């Protein structure tokens, strides 16, 4: 079974946890706790660019978030049925990854920049990204973003809705089809299990967890 190499936090590994869980794939995590443990991976040759996330799957030592996700999504048939469907999915999820990146990097922003950056994130959520995805759902009326079938785009989008809810639960309120997608995907057996207590799902990053990160990089 796949072995996830990261530290005990959401970070750049959480979207992989979500996708594996949603595909009903059991995995182990081998958590890094120290710079000592990170250097073990580097000197043992496990990290091509000396960086985690790293996933052991099917014989490979995959680094780079998007290489991991792209491989898992094709393997478990959540990458669409042809390259035109993969292009819609890719366009959707990279928009998601652009917004996700902004939110992921808020706590490490310079303190004097944090007010502006948070404000900017909310403006783009409301005016750019949520209308973009509401218009997709409104355009075909179906229960899934692409191909009328569950795909990584639904998983990645619903994951981001949970992080937006944590930032401001009002932001999704004007977007009914996103609301309904969030509940429908949340109530899929594998996702509902992942959302319940005691799963590998990781909490928000507090301060102590934040520092113990900088102390490893």
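Positions refer to the first chain, counted from 1.
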For 137-145 versus 87-95, entry-based mean Cα B-factors point to 137-145
Ranked by mean Cα B-factor in the entry, 69-77 and 101-109, top stretch is 101-109
Residue 202: C-alpha B-factor third of its chain, per the entry, is the lowest
Chain-relative C-alpha B factor for residue 187 (record values, thirds): the middle
Split the chain's modelled residues into thirds by Cα B-factor; residue 168 lands in the middle
Chain thirds by Cα B factor, record data; residue 17 belongs to the lowest
Entry-reported C-alpha B-factor of residue 179 relative to its chain, by third, is middle
